[PDB]
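Beneath this line is the structure, given in structure tokens, with notes to follow.
Number of protein chains: 2
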Amino acid sequence: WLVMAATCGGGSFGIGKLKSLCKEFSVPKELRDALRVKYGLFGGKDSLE
Amino acid sequence: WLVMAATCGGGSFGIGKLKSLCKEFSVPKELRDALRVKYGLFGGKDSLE
């Protein structure tokens with residue numbers, strides 16, 4: 934796999950994930966980016982006095 | 934397949950076709966381009982009075 938790789942090898946940059954079977958919610962999975970930012974927009978939806 | 938796709942996905946541009954088995958005429962199939970032009974050069978081969 935380093936031979937097919939040629940000049941650049943063993944250099945992971947980003948890993949995408951997906952569901953094998955299909956059901957309920959589509960689950961195209963790379964929302965992890967907004968997981969470290971645990972509550973970016975969801976905490977404050979429409980709160981005003 | 935959209936995950937491997939990354940930034941560009943679901944954007945077909947051109948579809949090539951080919952024969953599974955081998956026989957008679959090779960049939961590398963993308964002559965469809967000259968099918969809408971039904972008779973471009975074949976209609977008039979070498980006709981002259």
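So the sequences go chain by chain: A and A'. A prime marks a further copy of an entry chain.
According to the authors' numbering, the first sequence is numbered sequentially starting from 934.
According to the authors' numbering, the second sequence is numbered sequentially starting from 934.
Where a beta carbon is used, it is the ideal one built from N, C-alpha and C, also for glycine.
{"Check": "CA nearest to the CA of residue 966 of chain A, picked from A:941, A:981 and A:947", "Outcome": "A:947"}
{"Check": "Assigned secondary structure, residue 974 of chain A (DSSP; H/G/I helix, E/B strand, else coil)", "Outcome": "coil"}
{"Check": "Within chain A', the residues that residue 944 of chain A reaches when beta carbons sit closer than 7 Å", "Outcome": "None at all; the shortest Cβ gap to chain A' is about 16 Å."}
{"Check": "Any non-hydrogen atom of the ligand HEM within 8 Å of residue 946 of chain A' CB", "Outcome": "Absence of the ligand HEM is noted for the structure shown, with no ligands found whatsoever."}
{"Check": "C-beta contact flag for residue 962 of chain A and residue 949 of chain A at 9 Å", "Outcome": "yes"}
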